[PDB]
Each structure stands twice: as structure tokens, then as C-alpha cells.
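Okay, target-v2.pdb now, which holds PDB, C-alpha atoms (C1' of nucleotides):
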ATOM      1  CA  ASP A 350     -29.034  -4.322 -12.615  1.00  0.00           C
ATOM      2  CA  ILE A 351     -26.574  -6.988 -13.587  1.00  0.00           C
ATOM      3  CA  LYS A 352     -26.162  -4.437 -16.386  1.00  0.00           C
ATOM      4  CA  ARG A 353     -24.575  -2.135 -13.775  1.00  0.00           C
ATOM      5  CA  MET A 354     -23.703  -3.772 -10.463  1.00  0.00           C
ATOM      6  CA  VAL A 355     -24.241  -1.682  -7.329  1.00  0.00           C
ATOM      7  CA  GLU A 356     -21.402  -1.666  -4.811  1.00  0.00           C
ATOM      8  CA  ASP A 357     -23.667  -1.893  -1.754  1.00  0.00           C
ATOM      9  CA  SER A 358     -25.615  -4.860  -3.147  1.00  0.00           C
ATOM     10  CA  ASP A 359     -24.754  -8.276  -1.737  1.00  0.00           C
ATOM     11  CA  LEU A 360     -25.135 -10.151  -5.028  1.00  0.00           C
ATOM     12  CA  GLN A 361     -22.135 -10.359  -7.359  1.00  0.00           C
ATOM     13  CA  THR A 362     -21.420 -11.003 -11.038  1.00  0.00           C
ATOM     14  CA  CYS A 363     -21.120 -14.532 -12.435  1.00  0.00           C
ATOM     15  CA  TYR A 364     -20.006 -15.761 -15.860  1.00  0.00           C
ATOM     16  CA  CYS A 365     -21.548 -18.983 -17.180  1.00  0.00           C
ATOM     17  CA  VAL A 366     -19.474 -20.081 -20.177  1.00  0.00           C
ATOM     18  CA  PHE A 367     -20.961 -22.247 -22.918  1.00  0.00           C
ATOM     19  CA  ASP A 368     -18.455 -21.958 -25.788  1.00  0.00           C
ATOM     20  CA  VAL A 369     -14.779 -21.506 -26.624  1.00  0.00           C
ATOM     21  CA  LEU A 370     -13.605 -20.105 -29.957  1.00  0.00           C
ATOM     22  CA  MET A 371      -9.825 -19.692 -29.583  1.00  0.00           C
ATOM     23  CA  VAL A 372      -7.131 -21.080 -27.258  1.00  0.00           C
ATOM     24  CA  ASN A 373      -3.380 -20.514 -27.702  1.00  0.00           C
ATOM     25  CA  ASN A 374      -3.242 -19.668 -31.408  1.00  0.00           C
ATOM     26  CA  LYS A 375      -5.664 -22.497 -32.190  1.00  0.00           C
ATOM     27  CA  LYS A 376      -8.951 -21.516 -33.826  1.00  0.00           C
ATOM     28  CA  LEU A 377     -11.864 -23.649 -32.627  1.00  0.00           C
ATOM     29  CA  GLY A 378     -14.670 -21.991 -34.596  1.00  0.00           C
ATOM     30  CA  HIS A 379     -14.471 -24.582 -37.380  1.00  0.00           C
ATOM     31  CA  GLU A 380     -14.562 -27.520 -34.946  1.00  0.00           C
ATOM     32  CA  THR A 381     -17.555 -29.497 -33.733  1.00  0.00           C
ATOM     33  CA  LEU A 382     -19.463 -28.592 -30.583  1.00  0.00           C
ATOM     34  CA  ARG A 383     -18.216 -31.826 -29.006  1.00  0.00           C
ATOM     35  CA  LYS A 384     -14.560 -30.849 -29.320  1.00  0.00           C
ATOM     36  CA  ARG A 385     -15.181 -27.308 -28.076  1.00  0.00           C
ATOM     37  CA  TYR A 386     -17.122 -28.607 -25.071  1.00  0.00           C
ATOM     38  CA  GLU A 387     -14.265 -31.020 -24.350  1.00  0.00           C
ATOM     39  CA  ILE A 388     -11.663 -28.255 -24.625  1.00  0.00           C
ATOM     40  CA  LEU A 389     -13.706 -25.974 -22.372  1.00  0.00           C
ATOM     41  CA  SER A 390     -12.829 -28.156 -19.364  1.00  0.00           C
ATOM     42  CA  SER A 391      -9.075 -27.672 -19.937  1.00  0.00           C
ATOM     43  CA  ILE A 392      -9.042 -23.851 -19.775  1.00  0.00           C
ATOM     44  CA  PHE A 393     -10.213 -22.961 -16.264  1.00  0.00           C
ATOM     45  CA  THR A 394     -11.144 -24.812 -13.086  1.00  0.00           C
ATOM     46  CA  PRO A 395     -14.522 -23.354 -12.106  1.00  0.00           C
ATOM     47  CA  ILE A 396     -14.939 -21.534  -8.799  1.00  0.00           C
ATOM     48  CA  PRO A 397     -18.652 -21.393  -7.892  1.00  0.00           C
ATOM     49  CA  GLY A 398     -20.184 -17.944  -7.750  1.00  0.00           C
ATOM     50  CA  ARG A 399     -17.860 -16.200 -10.199  1.00  0.00           C
ATOM     51  CA  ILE A 400     -17.185 -18.456 -13.211  1.00  0.00           C
ATOM     52  CA  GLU A 401     -18.899 -21.679 -14.239  1.00  0.00           C
ATOM     53  CA  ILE A 402     -19.483 -24.104 -17.109  1.00  0.00           C
ATOM     54  CA  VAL A 403     -23.066 -24.765 -18.177  1.00  0.00           C
ATOM     55  CA  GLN A 404     -24.018 -28.426 -17.902  1.00  0.00           C
ATOM     56  CA  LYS A 405     -25.112 -30.207 -21.082  1.00  0.00           C
ATOM     57  CA  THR A 406     -27.087 -33.454 -20.870  1.00  0.00           C
ATOM     58  CA  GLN A 407     -27.204 -36.079 -23.607  1.00  0.00           C
ATOM     59  CA  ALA A 408     -30.660 -36.921 -24.937  1.00  0.00           C
ATOM     60  CA  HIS A 409     -32.048 -38.699 -27.999  1.00  0.00           C
ATOM     61  CA  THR A 410     -35.849 -38.646 -27.621  1.00  0.00           C
ATOM     62  CA  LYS A 411     -38.683 -36.130 -27.550  1.00  0.00           C
ATOM     63  CA  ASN A 412     -39.827 -37.314 -24.119  1.00  0.00           C
ATOM     64  CA  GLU A 413     -36.479 -36.244 -22.663  1.00  0.00           C
ATOM     65  CA  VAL A 414     -37.017 -32.742 -24.051  1.00  0.00           C
ATOM     66  CA  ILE A 415     -40.526 -32.589 -22.600  1.00  0.00           C
ATOM     67  CA  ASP A 416     -39.295 -33.781 -19.205  1.00  0.00           C
ATOM     68  CA  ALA A 417     -36.558 -31.142 -19.186  1.00  0.00           C
ATOM     69  CA  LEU A 418     -39.087 -28.442 -20.066  1.00  0.00           C
ATOM     70  CA  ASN A 419     -41.405 -29.566 -17.268  1.00  0.00           C
TER
ATOM     71  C1'  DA B   1     -17.138 108.130  32.976  1.00  0.00           C
ATOM     72  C1'  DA B   2     -17.493 106.624  27.830  1.00  0.00           C
ATOM     73  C1'  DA B   3     -15.766 103.976  23.767  1.00  0.00           C
ATOM     74  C1'  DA B   4     -13.082 100.097  21.442  1.00  0.00           C
ATOM     75  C1'  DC B   5     -11.288  95.388  21.468  1.00  0.00           C
ATOM     76  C1'  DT B   6     -11.781  90.602  22.740  1.00  0.00           C
ATOM     77  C1'  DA B   7     -13.803  86.006  25.120  1.00  0.00           C
ATOM     78  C1'  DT B   8     -17.372  82.657  25.502  1.00  0.00           C
ATOM     79  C1'  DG B   9     -21.904  80.642  24.636  1.00  0.00           C
ATOM     80  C1'  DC B  10     -25.293  79.461  21.391  1.00  0.00           C
ATOM     81  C1'  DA B  11     -27.780  79.147  16.935  1.00  0.00           C
ATOM     82  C1'  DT B  12     -27.227  77.501  12.220  1.00  0.00           C
ATOM     83  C1'  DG B  13     -26.049  74.781   8.085  1.00  0.00           C
ATOM     84  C1'  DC B  14     -23.678  71.077   5.950  1.00  0.00           C
ATOM     85  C1'  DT B  15     -21.168  66.631   5.978  1.00  0.00           C
ATOM     86  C1'  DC B  16     -20.270  62.082   7.567  1.00  0.00           C
ATOM     87  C1'  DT B  17     -21.164  57.464   9.920  1.00  0.00           C
ATOM     88  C1'  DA B  18     -24.681  53.279  12.173  1.00  0.00           C
ATOM     89  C1'  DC B  19     -29.275  50.872  11.940  1.00  0.00           C
ATOM     90  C1'  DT B  20     -33.791  49.134   9.984  1.00  0.00           C
ATOM     91  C1'  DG B  21     -36.575  47.602   6.086  1.00  0.00           C
ATOM     92  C1'  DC B  22     -37.425  46.233   0.953  1.00  0.00           C
ATOM     93  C1'  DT B  23     -35.685  43.940  -3.338  1.00  0.00           C
ATOM     94  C1'  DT B  24     -32.781  40.825  -5.878  1.00  0.00           C
ATOM     95  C1'  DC B  25     -29.194  37.165  -6.468  1.00  0.00           C
ATOM     96  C1'  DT B  26     -27.155  32.781  -5.224  1.00  0.00           C
ATOM     97  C1'  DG B  27     -27.023  28.173  -3.139  1.00  0.00           C
ATOM     98  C1'  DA B  28     -29.195  24.021  -1.708  1.00  0.00           C
ATOM     99  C1'  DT B  29     -32.847  20.686  -1.962  1.00  0.00           C
ATOM    100  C1'  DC B  30     -36.516  17.922  -3.936  1.00  0.00           C
ATOM    101  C1'  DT B  31     -39.257  16.089  -7.791  1.00  0.00           C
ATOM    102  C1'  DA B  32     -40.065  14.819 -12.494  1.00  0.00           C
ATOM    103  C1'  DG B  33     -38.378  13.253 -16.790  1.00  0.00           C
ATOM    104  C1'  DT B  34     -34.861  11.376 -20.569  1.00  0.00           C
ATOM    105  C1'  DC B  35     -31.462   8.144 -22.504  1.00  0.00           C
ATOM    106  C1'  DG B  36     -28.249   3.625 -23.120  1.00  0.00           C
ATOM    107  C1'  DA B  37     -28.309  -0.784 -23.275  1.00  0.00           C
ATOM    108  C1'  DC B  38     -29.733  -5.212 -21.988  1.00  0.00           C
ATOM    109  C1'  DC B  39     -33.437  -8.637 -22.007  1.00  0.00           C
TER
END
Using C-alpha cells, write down the structure from this file.
Amino acid sequence: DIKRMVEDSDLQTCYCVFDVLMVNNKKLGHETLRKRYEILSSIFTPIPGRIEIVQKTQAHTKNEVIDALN
DNA sequence: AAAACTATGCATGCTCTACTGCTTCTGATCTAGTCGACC
């Protein structure tokens, strides 16, 4: 039940962010994914266990996709 | 010496106050099921 955390449970809630759509009266929804990913590193400094940024890896072949799936 | 008045004990009924047993109401507990929302 991440849907409803229990107080006695040892595990806690974590937020893995993979997009930003607005920062300081600047609308990022019409921008490219590259620029939003770049901006996402200038909003918060992640602290493991509570808030994090999902890692994206560059790839330009099908074999890379298959290796990641495996 | 005989008769009338009064005292005390006892029977009698009725009324009132504790104790035991049956029935019903409430509280507490457990078990089973439903719903919100996600995925």
C-alpha cells in the first residue's frame, strides 16, 4: 500500500520525477524533451530515498533496446 | 362476699421491606463482506 502508507511500516514514500512542465512563470510544455530534461537538474538536488530523477540513456540501435530489456 | 372497671398476654389481619430466580436489554468482541482507487 504505497496507495496508503502505514505508519508502522519501515518503508517510506519516494518520488521519481521524469518531467517538468512549469518553472517560475515559464511554461515548458511546448519545449522539447531535451530541454525539459536539462531543466529538471536545476530545480532540486536529489536526496536518495525521498526524491530522485529517473536516468535516461542515449541509444540509437535496436540491439541497445534488446539489451536493456534483457 | 359479689359485681364493675382495668391491665397484660396472645391471636389475628394487613402492610411493608430483603433475597432468589427468570427474562430482556445493552455493551463488547469477532468474523465476513463492500468500496475507492491505483496498477
Requested in this report: Run the PyMOL selection byres ((chain A) within 10 of (chain B)) mentally over the shown coordinates, then write out the matched residues as a list in words, using the chain letters and numbers from the document.
Outcome: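 Answer for the PyMOL selection byres ((chain A) within 10 of (chain B)): residues 350, 351 and 352 of chain A.
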Query raised in the report: How far is it from atom CA of residue A:389 to atom CA of residue A:366, in Å with one decimal?
Result: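 Atom-to-atom, atom CA of residue A:389 to atom CA of residue A:366, that is 8.5 Å.
Atom CA of residue A:358 lies 25.3 Å from atom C1' of residue B:30.
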Query raised in the report: For the file shown, what are the residues hit by the PyMOL selection byres ((chain A and resi 399) around 8), laid out as a PyMOL selection string?
Result: chain A and resi 361-364+396-398+400-401
Query raised in the report: So which residues touch residue A:383 within 12 Å, counting all atoms listed in the file, skipping near sequence neighbours fewer than 3 positions away, as a list in words?
Result: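 My reading of the contact set: residues 367, 368, 369, 377, 378, 379, 380, 386, 387, 388, 389, 390, 405 and 407 of chain A.
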